[PDB]
């Protein structure tokens, strides 16, 4: 079926939970043996969220190459994304090592450091220009260059230096700051505006390594971001945009990381975002 009318048909019939459970039943199951090794317990935020072995990002290190991060490679859309958990106190150096080694331009953050009164990720970037951060375990230096605070999101320019080679690179930090502590946003308008700002920066384009996207577990809000982006790109590429099947795209993405889209409300919100976004692209 088309999307917008399949949407109204699920709303009127109140069957979002059944649609979402079907997706959960059909989703791929691949091994994640490296994630479960005892030496990696303090590298995982949640015991039930792990990268598959076949798609995990490897650190360029001979001691321990493990990080909780997955490469989502979308062949028809010609887009790739790295989805990862919010960094832990003992993985902030690994996080920036990955950004460096994978040649990423941008980092997309969809959570606040504290939500619901608890810590959801480490404070892994510097908050003042004159107070830079040094990660001694991976030999990297990180400096805040500029910060632009807007009503729904903040964009930061960062300098990452490989202290071993003295090479430097500019990284863009795109921080969506207004996702509610409970539920999903009422309108997708600010989320779509944010997606378009990431696109306009070059951070999603083939001349760079894959964008790094995270929330707390790296599957819920993060899944919503890449699902909406890929679906909109396919609608632009194809002769028949109504042939884009958001459930089929989501199942394709779940071949590369488990659990993407965590609730039926997140699934409904993803439909809403793609529907509204397809009107703004055109032609109007």
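Residue numbers count along the first chain shown, from 1.
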- Determine, for stretches 110 to 118 and 142 to 150, which one has the higher mean CA B-factor as deposited. 142 to 150
- Item | Segment of higher mean CA temperature factor, 76 to 84 or 130 to 138 | 130 to 138
- Query: Quick one: which of 222, 55, 230, 64 has the biggest Cα B-factor according to the entry?
  - Reply: 64
- Would the CA B-factor of residue 51 place it in the lowest, middle or highest third of its chain? lowest
- Note on the structure: In terms of its chain's C-alpha B-factors, the third that includes residue 163 is the highest
- State the tercile, meaning the lowest, middle or highest third, of residue 246 with respect to the CA B-factors recorded for its chain. highest
- Note on the structure: Binned into thirds over the chain's modelled residues, the C-alpha B-factor of residue 267 lands in the middle
- Of the three thirds of Cα B-factor ranks in this chain, residue 41 occupies the middle
